[PDB]
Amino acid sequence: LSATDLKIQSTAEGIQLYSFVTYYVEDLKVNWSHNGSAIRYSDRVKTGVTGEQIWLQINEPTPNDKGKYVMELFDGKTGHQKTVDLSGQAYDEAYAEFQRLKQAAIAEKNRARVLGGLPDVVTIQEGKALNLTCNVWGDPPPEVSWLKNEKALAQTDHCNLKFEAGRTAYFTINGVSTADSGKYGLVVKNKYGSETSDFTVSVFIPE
């Protein structure tokens, strides 16, 4: 038996402590205490083992969560305990690092994204009308622009482009001509990022 000294790790969700067990054990009984007391567990405070990584997740920590953490292990023959002080500098840095990681995750969750809707290729009979729709996402709401052959595309009454509720981009051609065939793109953009969706419109001429 052996366990590495307890580590403090900031995540996007809070602070976790963990220790890695040495060279495999197949029923380590684990008990964690906080300032000498057993930890009541919740969706907020949880513990687990992932292989030989024994851990404790303290979501959204407060000064309330500061203090002495003891991890107690038992493999059947021998006991072992590891300790860490979630206090002072250790907590100041970890709390500060948490907050930055929390803010980064907000960026990743809220960056502008194409959710779906546009097919890669549509084939259509010349003269028929075409309605395409792309669901997008962004917080703050994104900007959308459209491309044809990689250059900016303006809305006309013929090839009409609409964007509603910061969520839905419409592409409508009122009677597709061969001139309307080509490689189109939608781009959505906000402050956290940017995504594109491409589609080809091809046309066949009827009798």
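Just count from 1 along the sequence shown to find any residue number.
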| property | result |
| --- | --- |
| 58-66 set against 22-30, stretch whose average Cα temperature factor tops the other in the entry | 22-30 |
| B-factor third for the C-alpha atom of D43 within its chain | highest |
| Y95 - which third its CA temperature factor falls in, relative to the rest of the chain | middle |
| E150, C-alpha B-factor rank within chain (lowest, middle or highest third) | highest |
| Among modelled residues of the same chain, the CA temperature factor third for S10 | lowest |
| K82 - which third its CA temperature factor falls in, relative to the rest of the chain | middle |
